[PDB]
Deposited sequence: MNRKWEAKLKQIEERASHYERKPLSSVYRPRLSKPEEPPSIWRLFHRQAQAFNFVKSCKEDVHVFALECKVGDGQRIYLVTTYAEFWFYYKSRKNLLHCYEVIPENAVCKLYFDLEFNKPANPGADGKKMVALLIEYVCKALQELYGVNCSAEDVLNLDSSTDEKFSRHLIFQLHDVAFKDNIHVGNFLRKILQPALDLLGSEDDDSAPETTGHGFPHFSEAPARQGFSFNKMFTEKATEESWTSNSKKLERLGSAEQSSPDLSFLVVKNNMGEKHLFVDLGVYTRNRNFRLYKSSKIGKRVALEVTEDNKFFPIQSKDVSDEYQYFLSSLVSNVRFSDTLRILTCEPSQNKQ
């Protein structure tokens, strides 16, 4: 309700300022106008944010289908620097943004940090929710450079999803509370930043309303490194004669792309 109030008050602030093939492809200046269009649309359409030429993090918002988006995106000629918008209150996969500064952390073995993180999360999902999974259900995406160990993990739980990304965040700050206290041996998550201050390997700042999350094969606009399937990745989509593996990987990586299932379990976690 509070969220409903501030969101509409921002829109009040903004008010103060020969058949062709079926294709939906609309751009908007305000992310709220994009969602207005989505609700009005009646086709399974989703919101993307495109970083426009700048150093700025300014975005325009694109509205289309996953299938049509991929069609114009997959060559990586255009639509560089693209972001998934994780809609508030939509069911979503459990995901992670993991990063640490490599010079500031000469001892850290990032590969083992993800493997031990995944194991603890899988134990947490079993103990708290009865969900059984393993690293074979984790899509491992890498955007690392020589300065930064950067990885995105997207869990592919069978017939399971979280109520929305706020609840993913509540679930994570609950199970990571021992780690947040070093600020059952979760010390392997603590890392130094540039200024020597210890933080977590797990970035807790991405579980926010309408969080932008950088697409598979997109780079930040300043940069050249794009998210790509990590070498050690152990999640493999079932192969299909009807879709390319790369499209399979794309759809798995979309946090809001919850597999339509008739037996779906929805996980909640309250603060």
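Unmodelled regions of the deposited chain sequence (numbering from residue 1, in sequence order): 18-34, 201-260, 349-353.
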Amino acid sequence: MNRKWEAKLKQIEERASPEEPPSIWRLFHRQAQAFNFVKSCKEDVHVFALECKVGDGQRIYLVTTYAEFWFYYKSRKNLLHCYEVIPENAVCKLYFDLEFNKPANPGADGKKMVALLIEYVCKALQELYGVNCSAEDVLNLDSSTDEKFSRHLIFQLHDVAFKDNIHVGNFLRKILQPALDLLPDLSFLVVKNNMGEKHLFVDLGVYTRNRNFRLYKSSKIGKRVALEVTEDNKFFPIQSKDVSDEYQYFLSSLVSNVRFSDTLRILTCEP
From here on, numbers count along this sequence of modelled residues.
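Superpose the two forms; the largest set of C-alphas matching within 1.5 Å is the rigid core.
Larger average C-alpha displacement in 5 other deposited structures of this protein, relative to the shown form after a rigid core fit, is seen for 50-58 when comparing 205-213 with 50-58. In the other compared entries of this protein that model both flanking residues, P21 has coordinates in every one, well short of a third left out. The PDB entry reports B-factors from which the mean C-alpha value can be compared for 61-69 and 47-55; the larger average falls on 47-55. Mean CA B-factor, 29-37 versus 200-208: the higher value falls on 29-37. Note on the listed residues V91, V160, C133, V85: the highest Cα temperature factor in the record is that of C133. Between the residues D142, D164, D97, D181, it is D181 that shows the highest Cα B-factor in the PDB record.
In this PDB entry, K111 carries a Cα temperature factor that places it within the middle third of its chain's modelled residues. Ranked by C-alpha B-factor against the other modelled residues of its chain, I154 falls in the lowest third. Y120: CA B factor lies in the middle third for its chain, per the PDB record. In the PDB entry, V190 places in the highest third of its chain by CA B-factor. In the PDB entry, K77 places in the highest third of its chain by CA B-factor.
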